[PDB]
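Here is what each chain is made of, one letter per residue.
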Amino acid sequence: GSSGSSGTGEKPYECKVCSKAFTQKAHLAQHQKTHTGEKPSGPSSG
Ligand SMILES: [Zn+2]
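Residues numbered from 1 in each chain as written, not as in the entry; some residues may be left out. Heavy atoms only, no water.

This entry lists solution NMR as its structure determination method.

Given below as structure tokens:
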């Protein structure tokens, strides 16, 4: 089963649907386009 393993530290940009982390916003923002899905705000809002 998938594991939420990560390296020492945490990225400022992270997805919710796929749960992927990006180095920059441009990448994430653009990535979303792929998802092409409309979902609510999950837990751990922070
Ligand atoms: Zn995503």
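Okay, back to it.
1. As for the overall build of the chain
Threshold: Runs of H or I in DSSP of at least four residues are treated as helices and runs of E of at least two as strands, each being numbered from the N terminus. Areas reported as accessible are Shrake-Rupley estimates using a 1.4 Å probe. Residue values count occlusion only from the protein chains shown.
Within the chain, the regular secondary structure consists of one helix and two strands. When the elements of the chain are put in sequence order from the N terminus, they spell out β-β-α. The C-alpha extent of the chain, read off along each of the three principal axes, is 30 × 25 × 25 Å. Of the roughly 4200 Å² that the chain leaves accessible, carbon and sulfur atoms contribute 50%.

2. Observations concerning the coordination of the zinc ion
Applicable threshold: As a rule, N, O and S atoms within 2.8 Å of a metal are its donors, except that Na, K and Ca use 3.2 Å; water is not among the atoms, so sites may look incomplete. Metal sites are grouped by the angles between bound donors: all angles between 85 and 135 degrees with four donors is tetrahedral, opposite donors over 155 degrees apart with the others between 65 and 115 is square planar for four donors and octahedral for six, and any other pattern is irregular. Burial classes: relative accessible area under 20% of the type maximum marks a residue as buried, over 50% as exposed, and values in between as partly exposed (1.4 Å probe, protein chains only).
Protein coordination at the zinc ion: the donors are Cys15 (SG), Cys18 (SG), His31 (NE2) and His35 (NE2), at 1.9 to 2.3 Å from the metal. Viewed at the metal, the four donor atoms of the zinc ion are separated by angles of 101 to 124 degrees, and the geometry they form is tetrahedral. On the primary sequence, the residues serving as donors to the zinc ion are separated as C-x2-C-x12-H-x3-H. Here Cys15 falls in the buried class, since its relative accessible area comes to 8%. Note on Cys18: relative accessible area 33%, which makes it partly exposed.

3. Section: the environment of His35
This is how the line gets drawn: Throughout, a residue-residue contact means that at least one pair of heavy atoms, one from each residue, lies within 4.5 Å. Throughout this description, a polar contact denotes any pair of N or O atoms lying within 3.5 Å of each other; where both atoms belong to protein, one of them has to be capable of donating a hydrogen while the other can accept it, and for residues adjacent in sequence the pair is counted only when both atoms sit in side chains.
By secondary structure assignment, the location of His35 is in helix α1 (residues 25-35). Along the chain, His35 and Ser6 lie 29 residues apart, while their C-alpha atoms are 23 Å from each other. Setting aside chain neighbours within four positions, we find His35 in contact with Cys15, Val17 and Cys18. Here the side chain of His35 touches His31 through a polar contact of 3.1 Å, side chain to side chain.

4. Quick word on the side chain of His31
Of note, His31 is situated in helix α1. Residue classification places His31 among the buried residues on the basis of a relative accessible area of 15%. Setting aside chain neighbours within four positions, we find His31 in contact with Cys15, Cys18 and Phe22.

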